[PDB]
There are 2 protein chains.
Amino acid sequence: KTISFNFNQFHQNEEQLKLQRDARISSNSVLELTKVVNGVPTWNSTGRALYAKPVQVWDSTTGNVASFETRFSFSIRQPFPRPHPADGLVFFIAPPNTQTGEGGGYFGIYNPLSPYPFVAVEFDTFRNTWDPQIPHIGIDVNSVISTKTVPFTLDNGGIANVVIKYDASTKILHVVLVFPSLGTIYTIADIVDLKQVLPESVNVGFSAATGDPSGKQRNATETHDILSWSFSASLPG
Amino acid sequence: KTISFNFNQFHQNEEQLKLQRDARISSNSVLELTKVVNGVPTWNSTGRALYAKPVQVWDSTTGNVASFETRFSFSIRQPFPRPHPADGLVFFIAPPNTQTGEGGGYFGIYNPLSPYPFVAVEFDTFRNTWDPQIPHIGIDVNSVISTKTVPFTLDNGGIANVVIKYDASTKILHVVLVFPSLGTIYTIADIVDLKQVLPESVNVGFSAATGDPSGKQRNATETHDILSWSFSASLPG
Ligand SMILES: *[C@@H]1O[C@H](CO)[C@@H](O[C@@H]2O[C@H](CO)[C@@H](O)[C@H](O)[C@H]2NC(C)=O)[C@H](O[C@@H]2O[C@@H](C)[C@@H](O)[C@@H](O)[C@@H]2O)[C@H]1NC(C)=O
Ligand SMILES: *[C@@H]1O[C@H](CO)[C@@H](O[C@@H]2O[C@H](CO)[C@@H](O)[C@H](O)[C@H]2NC(C)=O)[C@H](O[C@@H]2O[C@@H](C)[C@@H](O)[C@@H](O)[C@@H]2O)[C@H]1NC(C)=O
Ligand SMILES: *[C@@H]1O[C@H](CO)[C@@H](O[C@H]2O[C@H](CO)[C@@H](O)[C@H](O)[C@H]2NC(C)=O)[C@H](O[C@@H]2O[C@@H](C)[C@@H](O)[C@@H](O)[C@@H]2O)[C@H]1NC(C)=O
Ligand SMILES: *[C@@H]1O[C@H](CO)[C@@H](O[C@@H]2O[C@H](CO)[C@@H](O)[C@H](O)[C@H]2NC(C)=O)[C@H](O)[C@H]1NC(C)=O
Ligand SMILES: CO[C@@H]1[C@@H](O)[C@@H](O)[C@@H](CO)O[C@@H]1O
Ligand SMILES: CO[C@@H]1[C@@H](O)[C@@H](O)[C@@H](CO)O[C@@H]1O
Ligand SMILES: [Ca+2]
Ligand SMILES: [Ca+2]
Ligand SMILES: [Mn+2]
Ligand SMILES: [Mn+2]
């Protein structure tokens, strides 16, 4: 059993995507996860985009877990350097039918009063109390307190290429971050047993958030645009 | 204990490098692992380049294993498409003071008569009986029959950027291959316990080979140039 989809770009009312909260598709084909009005990113924004259909990451009858690969390009533009941009974006896998969680440092995937499990790769731009230096790539399992972290320098407004791969046989989740204009390459990997944390069926997608009002800083914002996205998963059985 | 080095370019007769067999440094600063005469790569060639000093990957007193990162750029030019270029190049780790092994599909690191242990990342261009389609990246442990492989499309004559990282805590060896002109990204990873296969001290370097005479094809050749190379290893204790 193999499942896959590709998006060279995004159109309005894409039937394959489920948009939540502030997430919207612009006229020029980009998926804007967080609010941007008249070319300016705003604070107090949270948005998600999930692939409409659920994907099976493992089968309880055979015990087999799926291997998958996903590639996407994103762009984060930070117009206001002072005092600090926030908050970042993530690629995540969660149970089907979840609702947007808390914003700010929780990226819209963590809900304190009704926590659901999730695996996510974050591109964190704001340093919360639980964070190391930013920006950083992080692998998150059921929490925003990453199991592994690696710092990276953002190409402000530039295009970034990401490759996330999961090998079921080794349980290795490895991610690659490339900024073609700068020629920089960042890599991080960790062991994650999907079968142990997630249910057989899940939703895959993105989520992002800008500065929380409690920070009292309107400049704590940035864009979180997804330019393209392909996904492929193989479950033997 | 952190060792580190990097060659942004190669100088004729590098005191830091030990060249073996056909390996030579050209006038324009590139490390040519295999023979190239008058701008043309020849068959029946094998060459290696080892960092002159040994590096300690683990300590038997503490039991600690080192983590390391290495980045290098290479270029493989394939002048003759038919019938099949050969053979490829690898980055390897082996016991100190070893001699060049068999050529062809063994890349000059495997010696059937007197086999020594080794861990290597291959960029295989010729499909031997034990190989999956080519070209492919492969992780080799004591043998050229890779534990893991991933196919890739070569930018003929172009520049390739490689990042190899080993995290001792997870035993994950992950490699990234990027061809900046094509914008393509390839990734592969596997679990390798260095302490279990290699001695405390080792040599790190490259090795490559062109078509073996037994194949009776003079066209089975290509270049195997290394443009730059940095290495870093951190052994706590
Ligand atoms: C919030 O972002 C604003 C846009 O960058 C900041 O204003 C800009 O501040 C620059 C000095 O760092 C100055 O050169 C720009 O002209 C100005 N942009 C405009 C026209 O608004 C703002 O900085 C604060 O407010 C300005 C007016 C000054 O009083 C600064 O000293 C302040 O730091 C940012 N506010 C915060 C909380 O940093
Ligand atoms: C080895 O590579 C050579 C260069 O690519 C091949 O020869 C070239 O073949 C071209 C058509 O495939 C032809 O237009 C070129 O003139 C020729 N280049 C020269 C001057 O050698 C060669 O192909 C075979 O051997 C040559 C000598 C010719 O007889 C071709 O017709 C053959 O296909 C390659 N060797 C083999 C066996 O593939
Ligand atoms: C492939 O490359 C070999 C070098 O590693 C060539 O042989 C040379 O090495 C042998 C032993 O290591 C020496 O005894 C020879 O003197 C070297 N040959 C030369 C050019 O002097 C090898 O050449 C072939 O084998 C040797 C033994 C001779 O019979 C050559 O005439 C013959 O070409 C070369 N193979 C080919 C097919 O070119
Ligand atoms: C931050 O955004 C929330 C909504 O995302 C704001 O609350 C909403 O405010 C509008 C208009 O006042 C109401 O119609 C909604 O029902 C509110 N929803 C919520 C979340 O309660 C909130 O006021 C914003 N904070 C600030 C200070 O701008
Ligand atoms: C969860 O805490 C928030 C951070 O993640 C940022 O959004 C910051 C921006 O000012 O505001 C809050 O401190
Ligand atoms: C070990 O086998 C050899 C290959 O690795 C290539 O060198 C090929 C080139 O023609 O010749 C032999 O089949
Ligand atoms: Ca954060
Ligand atoms: Ca081969
Ligand atoms: Mn973080
Ligand atoms: Mn191979």
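Within every chain, numbering begins at 1; the chains are lettered A, B, ... in the order of the sequence lines, protein sequences first and strands thereafter. Computation of the quantities below employed the complete heavy-atom set of this structure, encompassing side-chain atoms and omitting hydrogens, waters and symmetry-equivalent molecules.
- Environment of NZ in A:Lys53: sparse, with no more than 12 heavy atoms of neighbouring residues, nucleotides or ligands closer than 6.0 Å.
- Pairs engaging residues 128-152 of chain B under the salt bridge (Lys or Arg N to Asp or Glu O under 4.0 Å) rule: A:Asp167-B:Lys148 [sequence neighbours left out].
- Distance check: B:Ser169 OG to A:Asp190 CG gives 7.5 Å after rounding to the nearest 0.5 Å.
- Counting non-hydrogen atoms of neighbouring residues, nucleotides and ligands closer than 6.0 angstrom, the CD1 atom of B:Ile159 reaches no more than 12 such neighbours.
- Contacts of A:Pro54 classified as side-chain contact (heavy atoms from CB on, under 4.5 Å), with partners at least two apart in sequence or in another chain: A:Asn203.
- Comparing A:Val163, A:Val176, A:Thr170, A:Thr187 by heavy-atom pairs within less than 4.5 Å of chain B, the highest count is held by A:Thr187.
- With a 4.5 angstrom heavy-atom cutoff, B:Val150 touches chain A only via side-chain atoms.
- Of the atoms belonging to B:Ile185, heavy atoms from both backbone and side chain fall under 4.5 Å from chain A.
- Atom CZ of residue A:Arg71 and atom OG1 of residue B:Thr184 lie 8.5 Å apart, to the nearest 0.5 angstrom.
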